[PDB]
Every structure is written in structure tokens, then in C-alpha cells.
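Positions of Cβ are backbone-derived with ideal geometry, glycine not excepted, and every protein chain shown enters the neighbour counts. Each answer follows from the model by the rule given with it, or from the source it names; none is laboratory data.
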Amino acid sequence: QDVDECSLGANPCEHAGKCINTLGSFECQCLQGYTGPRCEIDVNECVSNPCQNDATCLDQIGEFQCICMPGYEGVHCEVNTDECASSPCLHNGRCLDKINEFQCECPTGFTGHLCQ
């Protein structure tokens, strides 16, 4: 037989995820960015993306938010505003927000051509 251990009293999805019943074992989907052994646990992405040491990490449902100061920004909220305004590059040209200047690089994840 098979029981819904996800409907019994063992809900890994916690408070954000899908809980299904499987043969022998139970299945649970992940919500956004969840962890777990089978994808039924919620991890703290604010542990690997605390925005550095200048932003309050706030682990949320399959998502997190770091509150920085109303002066800097970025992934680490350490980049003093952008300065690639003087370099569009166009096409795929992607300027990088560096704490000094801008780096006009060529992406790919988006572009569907080749990008030399």
C-alpha cells in the first residue's frame, strides 16, 4: 500500500511547497528556492546571499531580501550606485557594477546568438 505521509503528520514543505503522496514514500515539491533531500525543505538563501556585511539578510519563502543603506546597491549592496551610464554597449553588452567603475561584458544566458 501507500500512505500520504505528507498528509499524515510529516509535512516537509513546511509552510511553502507542494506535498504529494508516493508509493512507499511521500513526495513534496519545492517552493521557488527550497532545499530538502527530495526538494521539500526550505533553506535560508540569506546564508549564502546575506548581501555581505552591509545588509540585513531576511530569509523568506523560497526567497530572501537584504536591506542595505539608501546609498549603495547591488548583490552585496557594496556598489556605490552605477556608472555604466557612459557605456551602453548595446546588444548584449552588460555593464558590471563595480566599486570603482563599470565593466562592459558580454552576457549569454539571455542572448540566443553566440556573442563573440
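Name the residue, out of 97, 59, 54, 82, that is surrounded by 13 or more Cβ atoms within 10 Å (Cβ to Cβ), in contact with an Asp or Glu (Cβ under 7 Å, 6 or more places away or on another chain), within 30 Å of residue 10 (Cβ to Cβ) and not assigned by CATH to the domain that holds residue 10. Don't jump to the end; show me each part of the working.
Working: 97 fails: within 30 Å of residue 10 (Cβ to Cβ); 54 fails: within 30 Å of residue 10 (Cβ to Cβ); 82 fails: within 30 Å of residue 10 (Cβ to Cβ).
Of the residues listed, the single one that is surrounded by 13 or more Cβ atoms within 10 Å (Cβ to Cβ), in contact with an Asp or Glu (Cβ under 7 Å, 6 or more places away or on another chain), within 30 Å of residue 10 (Cβ to Cβ) and not assigned by CATH to the domain that holds residue 10 is 59.
With 81, 56, 111 as the choices, which residue is within 26 Å of residue 44 (Cβ to Cβ), free of Cβ contacts under 8 Å to residues at least 40 places away in the same chain and of a type in the set (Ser, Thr, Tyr)?
Working: 81 fails: within 26 Å of residue 44 (Cβ to Cβ); 111 fails: within 26 Å of residue 44 (Cβ to Cβ).
Of the residues listed, the single one that is within 26 Å of residue 44 (Cβ to Cβ), free of Cβ contacts under 8 Å to residues at least 40 places away in the same chain and of a type in the set (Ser, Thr, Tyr) is 56.
Kindly indicate which of 66, 77 is within 20 Å of residue 48 (Cα to Cα), within 17 Å of the chain's Cα centre (by Cα), outside the structural domain of residue 16 (by CATH) and not in a strand (DSSP E or B). Steps first, please.
Numbers: 66 fails: not in a strand (DSSP E or B).
None of the other options fit; the residue is 77.
Tell me, which residue of segment 27-51 that is of a type in the set (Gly, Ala, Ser) and in contact with a strand residue (DSSP E or B) (Cβ under 8 Å, 6 or more places away or on another chain) is surrounded by the most Cβ atoms within 10 Å (Cβ to Cβ)? Walk me through it before giving the result.
Looking only at segment 27-51, we keep the residues that are of a type in the set (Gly, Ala, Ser), and these are 33, 36, 48.
Within this subset, residues satisfying the condition of being in contact with a strand residue (DSSP E or B) (Cβ under 8 Å, 6 or more places away or on another chain) are 33, 36.
Details: 33: 13, 36: 16.
So the residue we want is 36.
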